[PDB]
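The basis for the numbers below is simple: all heavy atoms, side chains too, and nothing from hydrogens, waters or symmetry mates. Letters A, B, ... are given to chains in the order of the sequence lines, protein chains preceding strands, and every chain is numbered from 1.
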Amino acid sequence: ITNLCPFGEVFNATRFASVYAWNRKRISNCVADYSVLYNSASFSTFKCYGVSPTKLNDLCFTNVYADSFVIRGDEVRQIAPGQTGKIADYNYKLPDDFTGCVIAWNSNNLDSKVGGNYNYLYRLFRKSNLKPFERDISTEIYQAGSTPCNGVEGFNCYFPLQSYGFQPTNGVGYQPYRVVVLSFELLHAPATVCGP
Amino acid sequence: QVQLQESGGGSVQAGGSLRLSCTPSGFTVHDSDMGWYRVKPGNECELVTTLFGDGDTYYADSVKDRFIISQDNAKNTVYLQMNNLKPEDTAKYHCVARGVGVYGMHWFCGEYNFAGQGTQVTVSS
Ligand SMILES: *[C@@H]1O[C@H](CO)[C@@H](O)[C@H](O)[C@H]1NC(C)=O
Ligand code: NA
């Protein structure tokens with residue numbers, strides 16, 4: 001464990017995932033300075049659960065996972081234990097007993113465009129809610145009624161994904177926010193990601 | 001089945017006006033942000049306008065204040081009022097549902113967008 005953990009490729013990526021197809025990166029065999037991130041004035045959300053951020057430099061884990069995606073600013077509240085709404089329900093679900101940190105910052109300057117950027121998607125329809133940390137990238141037509149759809153969109157036959165419309169003069173609740181979720185995994189197995 | 005029913009184009013003298021009407025079939029104007037592209041001579045695509053969810057509007061700099069987008073939810077219709085037309089406005093105008101939505105994942109002018117056949121507009125000297 002001499003390498004510095006490769007967080008820059010996650011936090012500084014040019015393009016982020018759509019939330020329905022959220023990205024996961026395993027972090028291992030490296031030294032992470034969590035305090036430097038935490039004492040970054042770069043984040044408007046930095047919320048930890050089951051761990052102290054001011055103590056994370058003291059701890060070793062087996063693996064760390066860094067999940068990332070874009071959502072609306074008024075949806076960042078959903079990326080926490082115990083939440084409901086279309087993001088928690090059908091896109092990205094934390095467990096009630098989550099151990100980890102939720103990090104977010106406004107990305108209007110990168111992710112909005114004049115005329116609207118519609119390349120970021122979310123799942124609007126699903127027969128049931130996601131379980132914690134589930135990922136669903138399927139695109140089957142959602143049968144909202146009792147008539148079958150036969151692969152054709154129409155009345156009560158919905159393609160299940162929807163674009164966000166991010167344009168620069170949106171109010172801040174409708175602006176894009178980049179999110180990184182750090183989860184901390186301790187197995188009965190060596191422990192490869194340490195603080196300094 | 002999903003489609004756009006488009007009307008109101010054709011031929012007009014410079015300085016005249018037209019009004020385009022666009023009515024989705026199999027979905028509604030509430031489902032996505034509505035707008036128009038236009039395909040100018042040379043297969044030159046340009047975003048003309050969009051009515052965003054929040055009620056704000058985008059216009060291309062060359063059409064601002066001459067063209068007005070409006071929407072009547074009860075009629076499931078979006079409108080493009082085209083005043084004081086100019087020869088350089090000549091194009092095939094395409095109503096769009098911007099982005100991905102209940103009508104599917106489609107493309108127009110290189111981006112996510114659901115279009116249909118469009119309406120030619122020809123502005124003479
Ligand atoms: C991302 O880039 C900024 C700008 O140079 C840098 O200061 C920051 O530390 C980077 N973030 C991470 C996680 O390395
Ligand atoms: Na709309």
Side-chain angles (χ1 to χ4, degrees), chain A residues 1-53 55-85 87-88 91-111 120 122 130-135 172-173 175-196:
Chain A
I1 322 173
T2 52
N3 293 324
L4 303 188
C5 297
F7 285 129
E9 69 168 288
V10 176
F11 285 82
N12 298 325
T14 299
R15 193 153 176 172
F16 271 41
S18 294
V19 64
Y20 89 96
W22 56 264
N23 276 325
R24 173 159 285 193
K25 182 69 58 182
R26 193 200 310 295
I27 303 290
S28 34
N29 304 114
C30 58
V31 177
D33 197 325
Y34 299 100
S35 293
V36 166
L37 296 169
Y38 182 62
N39 294 166
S40 203
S42 311
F43 308 119
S44 48
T45 295
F46 205 125
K47 293 181 180 177
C48 300
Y49 310 82
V51 286
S52 186
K55 94 192 183 208
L56 262 171
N57 283 11
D58 290 78
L59 293 167
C60 295
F61 288 100
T62 310
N63 304 290
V64 173
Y65 294 105
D67 300 339
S68 60
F69 51 78
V70 164
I71 56 180
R72 288 167 45 152
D74 62 14
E75 294 169 337
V76 174
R77 53 178 291 274
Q78 291 182 46
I79 313 302
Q83 302 307 304
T84 196
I87 303 309
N91 291 271
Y92 185 90
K93 184 50 172 180
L94 290 181
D96 285 6
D97 66 349
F98 172 65
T99 293
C101 305
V102 174
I103 306 168
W105 60 108
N106 183 290
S107 64
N108 197 53
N109 64 316
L110 297 176
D111 286 326
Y120 289 107
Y122 65 100
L130 300 184
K131 299 177 224 311
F133 298 115
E134 184 168 8
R135 179 170 196 250
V172 68
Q175 286 173 22
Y177 279 64
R178 287 176 180 215
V179 178
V180 177
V181 183
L182 307 174
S183 293
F184 298 111
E185 169 176 274
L186 216 145
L187 272 33
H188 295 266
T192 76
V193 180
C194 297

Residues in ring-ring contact (aromatic ring centres under 6.0 Å, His included) with A/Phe61, at least two apart? A/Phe184
Checking A/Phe69 against A/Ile79 for the side-chain contact (heavy atoms from CB on, under 4.5 Å) test, could you report, in this order, the C-alpha distance in whole Å, the side-chain angles of both residues, the deciding distance, and whether it holds? CA-CA 11 Å; A/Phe69 51 78; A/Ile79 313 302; 3.9 Å; yes
Ignoring hydrogens and angles, tell me if any N or O in the side chain of A/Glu185 forms a donor-acceptor pair with the backbone of A/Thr62 under 3.5 Å. no
What one should report as the nearest heavy-atom pair of A/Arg178 and A/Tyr120 is NH2-OH, 3.7 Å
Do A/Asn57 side-chain atoms and A/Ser35 backbone N/O form a donor-acceptor pair below 3.5 Å? yes
How close do A/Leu186 and A/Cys60 get, heavy atom to heavy atom, and via which atoms? CD1-O, 3.8 Å
Minimum heavy-atom separation for A/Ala191 and A/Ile1, please, with both atom names. O-CD1, 4.1 Å
Using a 4.5 Å cut-off on heavy atoms from C-beta on, say whether the side chain of A/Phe7 contacts that of A/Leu182. yes
May I have all residue pairs that pass disulfide bond (SG atoms under 2.5 Å apart) and include part of residues 8-37 of chain A, sequence neighbours excluded? A/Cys5-A/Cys30
With heavy-atom distances below 4.5 Å as the criterion, would you say the side chains of A/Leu37 and A/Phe46 are in contact? yes
Smallest heavy-atom separation, A/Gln78 atom then A/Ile87 atom, equals OE1-N, 2.9 Å
Once you round to the nearest 0.5 Å, how far does CG of A/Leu56 lie from SG of A/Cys194? 12.0 Å
Side-chain donor-acceptor pairs under 3.5 Å in residues 92-106 of chain A, sequence neighbours left out?
from	atom 1	to	atom 2	distance (Å)
A/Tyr92	OH	A/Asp67	OD2	2.7
A/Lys93	NZ	A/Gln83	O	2.9
A/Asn106	OD1	A/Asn108	N	2.9
A/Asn106	ND2	A/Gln175	OE1	2.9
A/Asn106	ND2	A/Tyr177	OH	3.1

Partners of A/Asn29 by side chain to side chain contact (heavy atoms under 4.5 Å, CB included), sequence neighbours excluded? A/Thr192
A/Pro196 versus A/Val31, closest heavy-atom pair with distance: N-CG1, 3.9 Å
Table please: side-chain donor-acceptor pairs of residues 10-18 of chain A below 3.5 Å, with sequence neighbours left out.
from	atom 1	to	atom 2	distance (Å)
A/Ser18	OG	A/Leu121	N	3.0

Do any pairs count as a salt bridge (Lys or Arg N to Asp or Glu O under 4.0 Å) and have a residue in residues 29-50 of chain A, sequence neighbours left out, and if so which ones? none
Should the pair A/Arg24 and A/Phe133 be classed as cation-pi, given the thresholds of under 6.0 Å to the six-membered ring centre and 45° from the axis? yes
Between A/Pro176 and A/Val70, which heavy-atom pair has the shortest distance, and what is it? CB-CG1, 3.9 Å
When rounded to the nearest 0.5 angstrom, what distance separates CD1 in A/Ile71 from OG in A/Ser107? 10.0 Å
